[PDB]
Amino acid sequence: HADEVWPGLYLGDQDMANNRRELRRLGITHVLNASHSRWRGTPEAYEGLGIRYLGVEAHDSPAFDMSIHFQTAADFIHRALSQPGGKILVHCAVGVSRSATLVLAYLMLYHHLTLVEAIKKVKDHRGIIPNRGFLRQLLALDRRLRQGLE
């Protein structure tokens, strides 16, 4: 699963990072793993897919100062998005804690956004109605309720 929270910038999960066919379908060109396991190297499928990787080691603990990676991560995302065709997936191993933090920092550092504006941008773009049929069904309910009879 992944959401395009900023043009060319996908905030996704570990399963998406592990899905060779989907990464290919989406045309991902860069992957930023916000929770790289030190005993591992670059994910096996990336070289073939033509994906450039950056693995930052971080624990999802209030005691870990993620600030240490703000610049390097933002610089990497910037390099990826600065080139036409650049599409980057940012993810971590469990939820979106470490990944979302690096994305927000990037938006703040490269697009002049305040933290509140960055949070809004990301949250507004994390979809909750992926099923086109369900969307159609909800829009139908909406018209009925907003308009009433006749």
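Note that residue numbering follows the sequence shown and begins at 1.
Checked against the record, the higher mean CA B factor of 141-149 and 1-9 lies with 141-149. Of the two stretches examined, 44-52 and 112-120, the record assigns the greater average C-alpha temperature factor to 44-52.
Sort the modelled residues of the chain by CA B factor and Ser35 lands in the lowest third.
When the modelled residues of the chain are ordered by C-alpha B-factor, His125 sits in the middle third. Annotation for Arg98: C-alpha temperature factor in the lowest third relative to the rest of the modelled chain, per the entry. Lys87: CA B factor in the middle third of modelled residues in this chain (values from the PDB entry). Among all modelled residues in its chain, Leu26 ranks in the highest third by Cα B-factor.
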